[PDB]
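Peer 1: everything below, folded, please.
(one chain, ligands or ions: 1)
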Amino acid sequence: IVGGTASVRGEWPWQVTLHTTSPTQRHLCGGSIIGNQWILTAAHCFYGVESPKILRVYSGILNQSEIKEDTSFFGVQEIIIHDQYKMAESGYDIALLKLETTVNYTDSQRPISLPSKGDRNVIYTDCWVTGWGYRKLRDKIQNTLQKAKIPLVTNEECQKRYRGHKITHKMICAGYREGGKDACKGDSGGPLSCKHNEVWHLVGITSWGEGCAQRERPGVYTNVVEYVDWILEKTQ
Ligand SMILES: O=C(O)Cc1ccccc1OCc1cccc(-c2ccc3c(c2)CNCC3)c1
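Peer 2: Numbers count the residues shown, from 1 in each chain. Now the structure:
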């Protein structure tokens, strides 16, 4: 998170830290709790992941320093990548982690709803991007969970900044015209959560963009509402 501030415990309870344990154990990507044994993340996070054996999902984590050799975690039973996925910049950057056990919901770990059936025309004015990612292009993974309010930009406006990319209706962009606040390396997979009528919705999944928080270069996200049918087909 570029231009963000620290979160407090139980602020983003659907946020998870997916770790890899090969060749070293570290924060790989972010994710969202969308069900008792379901995590919604981005497919590109599993590039070079040979099997779910090396992964660990940590929920209820504020600082990465809280993760010790005795810290509880969830094993991943299955990694469901979108069948159409190839590269992040081209879309379908959506994956589902099916955990080995159910999540007991508390204040530090609860599920986030997907955009509602009938809220397609909603103008989201309170969107937030969260994660433990970099604060600049050549940085390191953060300790506390950063947050950033980012305005959504239209598909047409976003397509102007990305003349060399195909910005589809399965993508949503968020950024400030003069840069400053954005998600960077380590934030992918995580949520772009927008609050509407005091309910949080998982509106996007952190995906890609030219550099981190550059001017007139919005963050590109997976448009969750478009994939709700895929998610329901898989989580049933
Ligand atoms: O993809 C990750 O987060 C971490 C990761 C996992 C697996 C393989 C590669 C990899 O890192 C690639 C990498 C390198 C530098 C910056 C980014 C990055 C990430 C997100 C966003 C932006 C940029 C621009 N702003 C909008 C959001 C990604």
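
Peer 1: distance of the residue most central in space within the chain relative to residue 101?
Peer 2: Central residue check for the chain by C-alpha atoms, centre = their mean: the C-alpha nearest the mean position is that of residue 190, 1.6 Å away. Separation of residue 190 from residue 101 (C-beta to C-beta, to the nearest Å): 22 Å. For every residue, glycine as well, the C-beta is placed using N, CA and C.

Peer 1: rewinding a little: and the residue nearest to the centre of the chain, what does it touch?
Peer 2: By C-beta atoms under 8 Å, 6 or more residues apart in numbering, the contact set of residue 190 is 15, 29-32, 41, 129-131, 133, 183, 205-206.

Peer 1: again, only this time at 7 Å
Peer 2: Neighbour list for residue 190: 15, 30, 31, 32, 130, 131, 206 [criterion: C-beta atoms under 7 Å, 6 or more residues apart in numbering].

Peer 1: tell me how far the first one lies from the ligand.
Peer 2: Read that as residue 15. The spacing between residue 15 and the ligand, counted by C-beta to the nearest ligand atom, to the nearest Å, is 14 Å.

Peer 1: what about the spatially closest residue to that residue that is not a sequence neighbour, how many neighbours?
Peer 2: Nearest residue to residue 15 in three dimensions, chain neighbours excluded: residue 130, at 5.4 Å (C-beta to C-beta, 6 or more residues apart in numbering). Per other C-beta atoms under 10 Å, the neighbour tally for residue 130 reads 25.

Peer 1: begin at 608, not 1, for the rest of this chat.
Peer 2: Noted, 608 is the first residue going forward, which turns the last one into residue 737.

Peer 1: so residue 737 touches residue 619, yeah?
Peer 2: Yes: using C-beta atoms under 7 Å, residue 737 is in contact with residue 619, at 4.8 Å.

Peer 1: doesn't the residue nearest to residue 622 lie inside a helix?
Peer 2: No: looking at residue 737 with DSSP: H, G, I helix; E, B strand; the rest coil, it is strand, so not inside a helix.

Peer 1: so who does it touch?
Peer 2: Going by C-beta under 7 Å, 6+ apart, residue 737 touches 614, 619, 622, 752, 753, 754, 797, 798.

Peer 1: again, only using 10 Å
Peer 2: Contacts for residue 737 were tallied using C-beta atoms under 10 Å, 6 or more residues apart in numbering; they are 608, 611, 614, 618-619, 621-622, 637, 639, 752-755, 790, 794, 797-800, 813.

Peer 1: returning to what we had before: overlap in contacts, residue 737 and residue 619.
Peer 2: What both residue 737 and residue 619 touch, as defined by C-beta under 10 Å, 6+ apart, is the set 637, 639, 752, 754, 797, 798, 800.

Peer 1: let's see which of those residues end up in helices.
Peer 2: With helices defined by DSSP state H, no entry of the shared contacts of residue 737 and residue 619 lies inside them.

Peer 1: JSON lines please, covering the residues you listed and showing distance to residue 769.
Peer 2: As requested, the shared contacts of residue 737 and residue 619 are arranged in JSON lines below (distance: C-beta to C-beta, whole Å):
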{"residue": "637", "distance to residue 769": "22"}
{"residue": "639", "distance to residue 769": "25"}
{"residue": "752", "distance to residue 769": "28"}
{"residue": "754", "distance to residue 769": "25"}
{"residue": "797", "distance to residue 769": "21"}
{"residue": "798", "distance to residue 769": "22"}
{"residue": "800", "distance to residue 769": "23"}
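
Peer 1: and the contacts of residue 737, which of them are in strands?
Peer 2: Judged by DSSP state E, the contacts of residue 737 include 622, 637, 639, 753, 754, 755, 798, 799, 800, 813 as members of strands.

Peer 1: how close does the last one get to residue 713?
Peer 2: Think residue 813. Taken as C-beta to C-beta, the span from residue 813 to residue 713 is 24 Å.
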